[PDB]
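Next up: a single chain in structure tokens, the form deposited in one PDB entry.
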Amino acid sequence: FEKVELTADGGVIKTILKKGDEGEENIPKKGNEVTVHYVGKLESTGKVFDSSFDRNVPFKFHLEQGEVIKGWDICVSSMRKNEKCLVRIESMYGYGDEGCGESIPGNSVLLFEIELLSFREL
């Protein structure tokens, strides 16, 4: 499995589950609205905290605008259209010491599957 470090400290590590368009490297760019599916779980307890797959509602955000946690901007920036990946995001690139509400404690390593479906620009 194609497995790579997206930050030099190993804080964001991506394993490719299914290769996308690697032949033509069809990759989104900063500012593009991206459409993905995802599932997120805590590495510590294994608890799944969210799944757009189970909702069956694809998730949209603008890439590299700080709309999402840094490890996501870094991860999705590296994905080819139709790629499915597993990404491990250390707390510094996630929610840090604060965590996120009742579902994500402080100092949490996060594991997400992300599937890049589509992207667009105005």
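Only the largest set of C-alpha atoms that superpose within 1.5 Å between the two forms is called the rigid core. Residues that one form lacks are left out of the comparison. Numbering starts at 1 and follows the sequence shown.
The discussion below concerns the form deposited in another entry, not included here.
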* To do: Superpose on the rigid core and name the single residue from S91, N82, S52, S78 whose Cα moves by 2 angstroms or more between this form and the one not shown.
  => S52
* To do: State yes or no: after fitting on the rigid core, is the Cα displacement of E22 between this form and the one not shown at least 2 Å?
  => yes
* To do: Using the form shown as baseline, tell whether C85 and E25 are closer or farther in Cα-Cα distance in the other entry, where the change reaches 3 Å or more.
  => farther
* Do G10 and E25 have their C-alpha atoms closer or farther apart in the other entry than here, with the shift being 3 angstroms or more? -> farther
* To do: Return the sequence-ordered list of stretches, each of 3 or more consecutive shared residues, in which all C-alpha shifts are 2 angstroms or more between this form and the one not shown following rigid core superposition.
  => 22 to 25, 52 to 56
